[PDB]
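Order-wise, the sequence lines are chains D and C.
With the entry's author numbering, the residue at position 47 of the first sequence is 213, and numbering never jumps.
With the entry's author numbering, the residue at position 21 of the second sequence is 121, and numbering never jumps.
Even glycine gets a Cβ: it sits at the ideal position worked out from N, Cα and C.
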Amino acid sequence: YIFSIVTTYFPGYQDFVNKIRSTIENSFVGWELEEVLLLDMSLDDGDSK
Amino acid sequence: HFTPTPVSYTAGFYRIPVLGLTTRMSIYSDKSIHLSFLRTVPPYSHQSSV
């Protein structure tokens with residue numbers, strides 16, 4: 167009953183995340199979303215961040 | 101708008117990069133449809149910031 171989301175810079179990933187958020191938002195049952203991450207792996211020396 | 105489709109679709113097979121000079125249509129903005137594309141003018145999206 168609890169989960170989080172993480173996606174790369176792919177636009178399909180963002181579309182799927184938006185669809186999942188819209189589907190889980192209007193739910194009669196409970197749901198707990200911690201946070202969402204949109205880290206980009208194309209950056210140089212950004213692996214530390 | 102039709103001229104950018106054939107060359108890009110043909111060159112996307114071998115993942116060869118392609119640079120556009122006078123293309124301004126907003127349809128070729130997401131990298132999903134058009135994988136490799138370089139621009140030399142501003143898209144119509146910059147009109148929103150303007």
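Could you please give me the residues that DSSP links to residue i through a beta bridge?
{"i": "residue 198 of chain D", "result": "D:168"}
{"i": "residue 209 of chain D", "result": "Looking at the DSSP assignment, residue 209 of chain D forms no beta bridge with any residue, so it has no partner."}
Looking at C-alpha atoms only, which residue of the options is the closest neighbour of residue i?
{"i": "residue 119 of chain C", "options": "C:143, C:137, C:147, C:148", "result": "C:137"}
{"i": "residue 146 of chain C", "options": "C:134, C:125, C:135", "result": "C:125"}
{"i": "residue 140 of chain C", "options": "C:149, C:122, C:134", "result": "C:122"}
In angstroms with no decimal places, state the Cα-to-Cα distance between residue i and residue j.
{"i": "residue 178 of chain D", "j": "residue 132 of chain C", "result": "8 Å"}
{"i": "residue 209 of chain D", "j": "residue 129 of chain C", "result": "20 Å"}
{"i": "residue 199 of chain D", "j": "residue 205 of chain D", "result": "18 Å"}
{"i": "residue 148 of chain C", "j": "residue 181 of chain D", "result": "22 Å"}
{"i": "residue 169 of chain D", "j": "residue 215 of chain D", "result": "22 Å"}
Whose C-beta lies closer than 7 Å to the C-beta of residue i among residues of the same chain, with five residues either side of it excluded?
{"i": "residue 107 of chain C", "result": "118"}
Going along the chain, which residues of its own chain have a beta-carbon closer than 6 Å to the beta-carbon of residue i, five neighbours each way excluded?
{"i": "residue 134 of chain C", "result": "108, 128"}
{"i": "residue 112 of chain C", "result": "135"}
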